[PDB]
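Structure record follows, encoded as structure tokens.
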Number of protein chains: 2
Amino acid sequence: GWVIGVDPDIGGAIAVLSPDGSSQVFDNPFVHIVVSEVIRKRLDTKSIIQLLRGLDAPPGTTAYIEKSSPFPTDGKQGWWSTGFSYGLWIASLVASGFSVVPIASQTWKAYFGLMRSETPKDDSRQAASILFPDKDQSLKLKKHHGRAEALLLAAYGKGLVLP
Amino acid sequence: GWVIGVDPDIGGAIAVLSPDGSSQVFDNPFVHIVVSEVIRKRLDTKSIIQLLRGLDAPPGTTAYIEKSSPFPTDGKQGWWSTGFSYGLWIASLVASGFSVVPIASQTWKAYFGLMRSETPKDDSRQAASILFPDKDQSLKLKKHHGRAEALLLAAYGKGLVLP
DNA sequence: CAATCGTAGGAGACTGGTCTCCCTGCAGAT
DNA sequence: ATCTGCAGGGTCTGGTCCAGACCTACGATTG
Ligand SMILES: [Ca+2]
Ligand SMILES: [Ca+2]
Ligand SMILES: [Ca+2]
Ligand SMILES: [Ca+2]
């Protein structure tokens, strides 16, 4: 009963669901780096692999990861960064012994009846709250939608149902 | 000691120099995948990790990797792929215990005096052949530039000089 | 630190200037 | 297969193509 869920973006997170119902969710580690004489955020490769090595999740545990489908109206930098975060997470998860399953956001949103929402990120946090009430405190802020995403991805993988 | 050189893109390659002088170079493993109704080539995560784990270079071996820097005039698909390749390789290298050092193409080309060449890819292959004569049979085709790049990036990190 | 808003953008090496560098993706011809 | 050439491009899930859905990065200003 082990499932991992990853929202790989910069504001994303990794969630881990244990057989006994317990869950953990961690903000994606990032660093500030110099690019074209400005500072940009980038996922912290060594920290992520350090995180994944310290999980009690056994090797072979399925990880569900949201696939990057950036909009054509998004800038080239957005396309590069979402590509880069996707690749860094995929390899980190495979190298750590996990079976990787990409999932489009329409898939898990459709499973939880969240498509076409007027406030998708607040609704994401509400759903994760109801599926994981012990993470309620860790979902209070609007900036926590990444923790919720990761949690809903894992819930999707586990087969959980909203009441 | 040991030096790794990686050209990270789809036509790219990984080179490995031993302290004893013997060199190895392998084409980047890739797979065909469906994207938006067409086939696209994509680096093969599990093969890369499988490859890295089979190397004899010890942990802490420095891995020089070519820094992604797509042209602003390149398409957004190009921006995403180079980002993805770059992220998949970095994480793979870190997970295998290597110390990753990103190098701009201008740095290794200037070292070997290859800047502002009208046939850069031919030139790379000729220099790699001079630097690694037993790799001559592996550099004879024009599509082999990636092998040569990887070899020249590694030759840069080892401090080898052209005659 | 937490939120909202608008747009979609190069980056890199040797007191700023100047010059450099790819890649993807798709079609064709042999 | 190898190469040359040229432009810079969404992608996804699901019910013979296509509808209708989905972000993200990167800076600003507000407190
Ligand atoms: Ca998302
Ligand atoms: Ca997110
Ligand atoms: Ca290159
Ligand atoms: Ca290359």
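Letters go in sequence order (proteins before strands), and every chain restarts at 1. Reckoned from all heavy atoms, side chains included, excluding hydrogens, waters and symmetry mates.
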Expressed in angstrom and rounded to an integer, what is the separation of [X] atom [atom1] from [N] atom [atom2]?
X	N	atom1	atom2	value
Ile65(A)	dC22(D)	CD1	P	21 Å
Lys41(A)	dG9(C)	NZ	P	21 Å
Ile103(B)	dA11(C)	CD1	P	18 Å
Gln106(A)	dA19(D)	CD	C1'	13 Å
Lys67(A)	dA21(D)	NZ	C1'	16 Å
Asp27(A)	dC1(C)	CG	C1'	14 Å
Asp122(B)	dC3(D)	CG	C1'	12 Å
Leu153(B)	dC21(C)	CG	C1'	14 Å

North or south: which describes the sugar of [N], going by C1'-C2'-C3'-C4'?
N	value
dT20(C)	north
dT7(C)	south
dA13(C)	south
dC12(D)	south
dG9(C)	north

What is the minimum heavy-atom distance between [X] and [Y], and which atoms define it?
X	Y	result
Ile90(A)	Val100(A)	O-CG2, 4.3 Å
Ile10(B)	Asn28(B)	O-CB, 4.1 Å
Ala15(B)	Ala154(B)	CB-CB, 4.2 Å

Between [options], which nucleotide has the shortest distance from any of its atoms to the side chain of [X]?
X	options	result
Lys142(A)	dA3(C), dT24(C), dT24(D)	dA3(C)
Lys143(B)	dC3(D), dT13(D), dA13(C)	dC3(D)
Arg116(A)	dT4(C), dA21(D), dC21(C)	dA21(D)
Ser69(B)	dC26(C), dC22(D), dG10(C)	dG10(C)
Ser105(B)	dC22(C), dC22(D), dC21(C)	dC21(C)

Starting from the 5' end of DNA chain C, give me the residue, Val35(A) or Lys140(A), whose nearest nucleotide shows up first. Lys140(A)

If you pin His144(A) and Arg42(A) to their nearest nucleotides in DNA chain C, which one's is more 5'?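 Nearest nucleotide further toward 5': that of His144(A).
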
List, by chain and number, the other hydrophobic cluster members for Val31(A), where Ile, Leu, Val, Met, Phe, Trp and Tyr join if side-chain heavy atoms come within less than 4.5 Å, directly or indirectly. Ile33(A), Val35(A)

Touch class at under 4.0 angstrom, heavy-atom based, for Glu37(A) against every strand present: nothing

Scan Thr82(A) against the nucleic acid and name what it touches under 4.0 Å (heavy atoms): base, sugar-phosphate only, or nothing. sugar-phosphate

Is it true that [N] and [M] stack, with six-membered ring centres under 5.5 angstrom apart and planes under 30°?
N	M	value
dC22(D)	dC23(D)	no
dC21(C)	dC22(C)	no
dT11(D)	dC12(D)	yes
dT15(C)	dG16(C)	no
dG14(D)	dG15(D)	yes

Within residues 70-79 of chain A, the residues having a heavy atom closer than 4.0 Å to DNA chain C are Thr73(A), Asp74(A), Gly75(A), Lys76(A), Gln77(A), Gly78(A)

Span that lies between the [atom1] atom of [M] and that of [N], in whole angstrom:
N	M	atom1	result
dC23(C)	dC12(D)	P	25 Å
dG5(D)	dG9(D)	P	23 Å
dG14(D)	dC22(C)	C1'	39 Å
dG10(C)	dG27(D)	P	11 Å
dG10(D)	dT24(D)	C1'	13 Å
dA27(C)	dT11(D)	P	14 Å
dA13(C)	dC23(D)	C1'	35 Å

Roughly how far apart are [X] [atom1] and [Y] [atom2], rounded to 0.5 Å?
X	Y	atom1	atom2	answer
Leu93(A)	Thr61(A)	CG	OG1	11.0 Å
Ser105(B)	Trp108(B)	OG	CH2	7.0 Å
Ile48(A)	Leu88(A)	CD1	CG	5.5 Å

Are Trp80(B) and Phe84(B) close enough that their ring centers fall under 6.0 Å? yes

Any-strand Watson-Crick or G-U partner of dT15(C), both distances under 3.5 Å: none

Apply salt bridge (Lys or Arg N to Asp or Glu O under 4.0 Å) to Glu149(A) and list each qualifying residue two or more places apart in sequence or on a separate chain.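 Here no residue qualifies.
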
Side chain of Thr82(B), backbone of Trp79(B): donor and acceptor closer than 3.5 Å?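 Yes; at least one donor-acceptor contact below 3.5 Å.
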
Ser81(A) side chain near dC26(D) phosphate (N/O to OP1/OP2, under 4.0 Å): yes

Answer yes or no: does a side-chain N or O of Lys109(B) lie under 4.0 Å from OP1 or OP2 of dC19(C)?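 Negative; the distance criterion is not met.
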
Relative to the ring of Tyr64(A), is the ring of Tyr156(A) parallel (under 30°), tilted (30 to 60°) or perpendicular (over 60°)? perpendicular

Please, what dot-bracket string fits DNA chain D when only Watson-Crick and G-U pairs with both distances under 3.5 Å count, crossing ones use [ ] and pairs to another strand use |? ||||||||.((((((.)))))).||||||||

Using the salt bridge (charged side-chain N to carboxylate O under 4.0 Å, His left out) rule, collect all pairs that involve residues 21-48 of chain A, keeping only residues at least two apart or in two chains.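 Checked against salt bridge (charged side-chain N to carboxylate O under 4.0 Å, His left out) - neighbours excluded - the pairs reaching residues 21-48 of chain A are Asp27(A)-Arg147(A).
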
Who passes side chain to side chain donor-acceptor pair (under 3.5 Å) against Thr45(A), sequence neighbours left out? none

